[PDB]
Amino acid sequence: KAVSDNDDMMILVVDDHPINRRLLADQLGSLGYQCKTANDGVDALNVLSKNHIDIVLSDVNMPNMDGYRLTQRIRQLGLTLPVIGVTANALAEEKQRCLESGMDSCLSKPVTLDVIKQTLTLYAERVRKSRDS
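Numbered per the UniProt record's numbering, the sequence shown spans residues 817 to 949.
Listed below in structure tokens is the structure:
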């Protein structure tokens, strides 16, 4: 005689752009997943340290500081989950991921609903395998 909803899929939405953050969280909301909003590369792992998250999506378009090191800090914390680094023109975003060695994948700033859907679906199955057994 009750409900035991928990959302199940707690996703981390980080963006360095307010307009992109809005739309990224909006898309996640219509997906039906918990949207944890953040604003920085370091904020991603900070939020991860405060609360548990399944999928990390940190979008950085500013190649002035991060889009790089934050993934170092994540590997320093000890990533047991996929860090998807959404990036836009950070010179060599993939190279930053390799250097700091704490990501998982790299995407582009314009993450649309459809793009988000296939990525979330694919990664939902992946984390199901990474967490179970």
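Virtual Cβ for every residue (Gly too), placed ideally from N, Cα, C.
Using alpha carbons as the reference points, say which of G848, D832, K911, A908 lies closest to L873.
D832
Between which two residues does the alpha helix (DSSP H) holding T937 run?
Residue range 929–947 is occupied by the alpha helix (DSSP H) that includes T937.
Going by CA-CA distance only, name the one from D859, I900, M881 that's closest to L907.
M881
Tell me whether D821 is buried or exposed, calling it buried when 16 or more other Cβ atoms sit within 10 Å of its Cβ.
exposed
Which same chain residues end up closer than 8 Å to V943 when comparing Cβ atoms and leaving out the 5 residues on each side of it in sequence?
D870, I871, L897, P898
So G901 is in the beta strand (DSSP E); what residue range does that whole segment cover?
Per DSSP, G901 belongs to the beta strand (DSSP E) from 899–903.
Please name the residue, chosen from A818, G845, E916, that lies closest to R885 on a Cα-to-Cα basis.
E916
What do you reckon, are the CB atoms on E909 and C922 nearer than 7 Å?
yes
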